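Asks: Enclosed is the structure file data36.cif (mmCIF, C-alpha atoms and all ligand atoms).
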```cif
data_upload
loop_
_atom_site.group_PDB
_atom_site.id
_atom_site.type_symbol
_atom_site.label_atom_id
_atom_site.label_comp_id
_atom_site.auth_asym_id
_atom_site.auth_seq_id
_atom_site.Cartn_x
_atom_site.Cartn_y
_atom_site.Cartn_z
ATOM 1 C CA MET A 24 4.390 -11.220 9.953
ATOM 2 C CA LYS A 25 6.936 -8.419 10.258
ATOM 3 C CA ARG A 26 4.136 -5.853 10.102
ATOM 4 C CA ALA A 27 2.363 -7.503 13.033
ATOM 5 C CA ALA A 28 5.587 -7.500 15.047
ATOM 6 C CA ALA A 29 5.982 -3.760 14.498
ATOM 7 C CA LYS A 30 2.468 -3.155 15.808
ATOM 8 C CA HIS A 31 3.069 -5.354 18.843
ATOM 9 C CA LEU A 32 6.199 -3.404 19.753
ATOM 10 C CA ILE A 33 4.370 -0.082 19.510
ATOM 11 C CA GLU A 34 1.423 -1.453 21.482
ATOM 12 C CA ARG A 35 3.743 -2.721 24.208
ATOM 13 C CA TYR A 36 5.481 0.646 24.449
ATOM 14 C CA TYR A 37 2.169 2.504 24.590
ATOM 15 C CA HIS A 38 0.815 0.292 27.364
ATOM 16 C CA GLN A 39 4.138 0.372 29.206
ATOM 17 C CA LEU A 40 4.020 4.167 29.262
ATOM 18 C CA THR A 41 0.360 4.217 30.259
ATOM 19 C CA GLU A 42 0.851 1.327 32.675
ATOM 20 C CA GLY A 43 4.530 0.885 33.521
ATOM 21 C CA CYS A 44 5.746 -1.735 35.986
ATOM 22 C CA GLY A 45 3.342 -0.672 38.730
ATOM 23 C CA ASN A 46 6.300 -0.279 41.083
ATOM 24 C CA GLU A 47 6.979 3.131 42.610
ATOM 25 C CA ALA A 48 10.693 2.728 41.907
ATOM 26 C CA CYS A 49 11.823 2.241 38.309
ATOM 27 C CA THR A 50 15.201 2.468 36.583
ATOM 28 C CA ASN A 51 13.543 2.939 33.191
ATOM 29 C CA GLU A 52 13.050 6.535 32.078
ATOM 30 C CA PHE A 53 10.470 5.437 29.515
ATOM 31 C CA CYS A 54 8.237 3.575 31.962
ATOM 32 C CA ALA A 55 5.085 4.571 33.843
ATOM 33 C CA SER A 56 5.246 4.890 37.625
ATOM 34 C CA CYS A 57 8.837 5.998 37.086
ATOM 35 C CA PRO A 58 9.480 9.233 39.084
ATOM 36 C CA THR A 59 11.280 10.603 36.029
ATOM 37 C CA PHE A 60 8.217 9.787 33.929
ATOM 38 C CA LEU A 61 5.066 11.915 33.972
ATOM 39 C CA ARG A 62 1.550 10.763 33.102
ATOM 40 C CA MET A 63 0.643 11.399 29.470
ATOM 41 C CA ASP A 64 -2.611 11.575 27.513
ATOM 42 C CA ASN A 65 -3.789 8.894 25.093
ATOM 43 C CA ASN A 66 -2.565 10.981 22.166
ATOM 44 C CA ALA A 67 0.634 12.071 23.910
ATOM 45 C CA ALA A 68 1.408 8.489 24.918
ATOM 46 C CA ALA A 69 0.810 7.349 21.341
ATOM 47 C CA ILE A 70 3.448 9.775 20.086
ATOM 48 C CA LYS A 71 5.927 8.695 22.751
ATOM 49 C CA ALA A 72 5.268 5.052 21.893
ATOM 50 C CA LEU A 73 5.941 5.734 18.217
ATOM 51 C CA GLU A 74 9.180 7.546 19.028
ATOM 52 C CA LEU A 75 10.273 4.726 21.329
ATOM 53 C CA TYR A 76 9.758 2.248 18.500
ATOM 54 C CA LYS A 77 12.118 4.193 16.245
ATOM 55 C CA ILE A 78 14.837 4.091 18.897
ATOM 56 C CA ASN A 79 13.784 0.567 19.832
ATOM 57 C CA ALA A 80 13.934 1.615 23.484
ATOM 58 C CA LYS A 81 14.098 -1.331 25.879
ATOM 59 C CA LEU A 82 10.984 -2.197 27.878
ATOM 60 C CA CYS A 83 10.881 -2.271 31.676
ATOM 61 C CA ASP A 84 9.765 -5.892 31.738
ATOM 62 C CA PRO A 85 12.306 -8.594 30.722
ATOM 63 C CA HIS A 86 12.196 -10.103 27.249
ATOM 64 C CA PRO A 87 10.461 -13.504 26.820
ATOM 65 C CA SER B 305 35.551 -23.568 14.686
ATOM 66 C CA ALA B 306 34.349 -26.521 16.753
ATOM 67 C CA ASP B 307 37.612 -28.305 15.966
ATOM 68 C CA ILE B 308 39.517 -25.495 17.681
ATOM 69 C CA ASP B 309 38.389 -24.227 21.079
ATOM 70 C CA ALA B 310 40.170 -20.918 20.503
ATOM 71 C CA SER B 311 38.233 -20.397 17.278
ATOM 72 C CA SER B 312 34.942 -20.999 19.083
ATOM 73 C CA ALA B 313 33.404 -17.902 20.657
ATOM 74 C CA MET B 314 36.058 -16.007 18.706
ATOM 75 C CA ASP B 315 35.768 -14.218 15.364
ATOM 76 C CA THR B 316 32.301 -15.747 15.055
ATOM 77 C CA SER B 317 29.448 -13.869 13.385
ATOM 78 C CA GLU B 318 25.868 -14.791 12.510
ATOM 79 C CA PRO B 319 24.360 -12.209 10.110
ATOM 80 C CA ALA B 320 20.570 -12.263 9.806
ATOM 81 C CA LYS B 321 19.328 -9.486 7.528
ATOM 82 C CA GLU B 322 17.190 -10.348 4.505
ATOM 83 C CA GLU B 323 13.815 -9.737 6.137
ATOM 84 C CA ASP B 324 15.479 -6.833 7.935
ATOM 85 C CA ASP B 325 15.305 -5.020 4.602
ATOM 86 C CA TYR B 326 11.599 -4.392 5.137
ATOM 87 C CA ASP B 327 11.039 -0.908 6.549
ATOM 88 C CA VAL B 328 7.893 0.006 8.476
ATOM 89 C CA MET B 329 8.456 3.709 7.831
ATOM 90 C CA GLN B 330 7.985 2.833 4.167
ATOM 91 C CA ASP B 331 4.396 1.896 5.004
ATOM 92 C CA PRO B 332 2.596 4.969 6.435
ATOM 93 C CA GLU B 333 -0.738 3.209 5.942
ATOM 94 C CA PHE B 334 0.234 0.460 8.382
ATOM 95 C CA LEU B 335 1.587 2.977 10.885
ATOM 96 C CA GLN B 336 -1.616 4.998 10.685
ATOM 97 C CA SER B 337 -3.700 1.906 11.425
ATOM 98 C CA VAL B 338 -1.493 1.118 14.416
ATOM 99 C CA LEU B 339 -2.082 4.529 15.984
ATOM 100 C CA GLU B 340 -5.809 4.262 15.302
ATOM 101 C CA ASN B 341 -5.887 0.775 16.811
ATOM 102 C CA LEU B 342 -4.548 2.180 20.062
ATOM 103 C CA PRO B 343 -7.294 3.161 22.572
ATOM 104 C CA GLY B 344 -8.058 6.866 22.927
ATOM 105 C CA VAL B 345 -6.132 7.420 19.697
ATOM 106 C CA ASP B 346 -7.908 8.783 16.642
ATOM 107 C CA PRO B 347 -6.703 9.997 13.200
ATOM 108 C CA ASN B 348 -8.735 13.162 13.737
ATOM 109 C CA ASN B 349 -6.503 14.038 16.685
ATOM 110 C CA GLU B 350 -4.274 17.062 16.142
ATOM 111 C CA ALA B 351 -1.427 15.372 18.008
ATOM 112 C CA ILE B 352 -1.500 12.402 15.643
ATOM 113 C CA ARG B 353 -1.586 14.642 12.582
ATOM 114 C CA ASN B 354 1.200 16.814 13.964
ATOM 115 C CA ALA B 355 3.383 13.779 14.638
ATOM 116 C CA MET B 356 2.956 12.537 11.074
ATOM 117 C CA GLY B 357 3.740 15.979 9.676
ATOM 118 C CA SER B 358 6.961 16.259 11.671
ATOM 119 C CA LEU B 359 8.001 12.692 10.911
ATOM 120 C CA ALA B 360 7.215 13.147 7.223
ATOM 121 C CA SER B 361 9.294 16.324 7.094
ATOM 122 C CA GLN B 362 12.271 14.592 8.701
ATOM 123 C CA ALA B 363 11.887 11.578 6.420
ATOM 124 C CA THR B 364 11.916 13.781 3.326
ATOM 125 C CA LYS B 365 13.631 17.161 3.032
ATOM 126 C CA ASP B 366 11.888 19.733 0.841
ATOM 127 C CA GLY B 367 13.906 20.706 -2.228
ATOM 128 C CA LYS B 368 11.970 23.925 -2.796
ATOM 129 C CA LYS B 369 14.083 27.044 -3.244
ATOM 130 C CA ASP B 370 13.285 30.675 -4.033
ATOM 131 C CA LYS B 371 14.112 31.665 -7.608
ATOM 132 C CA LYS B 372 13.994 35.393 -6.871
ATOM 133 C CA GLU B 373 14.313 37.938 -4.067
ATOM 134 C CA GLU B 374 17.172 35.895 -2.622
ATOM 135 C CA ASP B 375 18.531 38.952 -0.822
ATOM 136 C CA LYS B 376 15.969 40.130 1.724
ATOM 137 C CA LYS B 377 17.950 43.305 2.385
HETATM 138 ZN ZN ZN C 1 9.238 0.274 35.103
#
```
Output the file's structure in the form of structure tokens.

Replies:
Amino acid sequence: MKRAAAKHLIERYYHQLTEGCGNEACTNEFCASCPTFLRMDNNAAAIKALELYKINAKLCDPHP
Amino acid sequence: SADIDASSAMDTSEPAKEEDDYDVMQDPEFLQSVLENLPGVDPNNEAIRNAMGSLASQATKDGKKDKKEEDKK
């Protein structure tokens, strides 16, 4: 199920970038709504999500 | 060591590799499907193709080398 986990991580990162925390203020550079983050396209976000996976960047939301 | 309080929380390790050996980067097919699965993302997209090209280049370094005209002069 390792393959599925990898997909889930990428999916979470993609949605986080295209969604974010919804809050205007965010301390996460790689998170939507974050002043330091700029809106990206579906393709652009996909690339960022893939890159984030490689670095295993932490998500804005807390872990389960 | 439970017997010794000092030992506990000290010099204690819990390695958990094994499955960690599996590398996603070693499965481009799976990665491609992931990108395609994402909404608004298609394999026909230039951005997707460009990303794979760059990643592939970094993953593997070309060993090609000129056999002549080494000195441009
Ligand atoms: Zn956030």

Asks: Would you compute the distance between atom ZN of ligand ZN 1 (chain C) and atom CA of residue 49 of chain A? Give it in Å to one decimal.

Replies: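 Here the two named atoms are 4.6 Å from each other.
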
Asks: For the atom pair atom CA of residue 349 of chain B and atom CA of residue 70 of chain A, what is the interatomic distance in Å to one decimal place?

Replies: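 Computing the Euclidean distance for atom CA of residue 349 of chain B and atom CA of residue 70 of chain A yields 11.3 Å.
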
Asks: Set the cut-off to 8 Å, count all atoms listed in the file, and list whatever residues fall near ligand ZN 1 (chain C) as a list in words.

Replies: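 Counting all atoms listed in the file, the residues within 8 Å of ligand ZN 1 (chain C) come out as residues 39, 43, 44, 45, 46, 48, 49, 50, 51, 52, 53, 54, 55, 56, 57, 82, 83 and 84 of chain A.
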
Asks: Hey, what comes out of the PyMOL selection byres ((chain B) within 10 of (chain A)) on this file? Could you write it as a ChimeraX atom specification?

Replies: /B:323-324,326-329,331,334-335,337-347,349-352,354-356,359

Asks: Any idea what the distance is between atom CA of residue 370 of chain B and atom CA of residue 330 of chain B?

Replies: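 Atom CA of residue 370 of chain B sits 29.5 Å away from atom CA of residue 330 of chain B.
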
Asks: Give the centre and edge lengths of an axis-aligned box, in Å to one decimal, that holds all listed atoms of segment 35-39 of chain A with 4 Å on each side, as lines of an AutoDock Vina configuration file.

Replies:
```
center_x = 3.1
center_y = -0.1
center_z = 26.7
size_x = 12.7
size_y = 13.2
size_z = 13.0
```
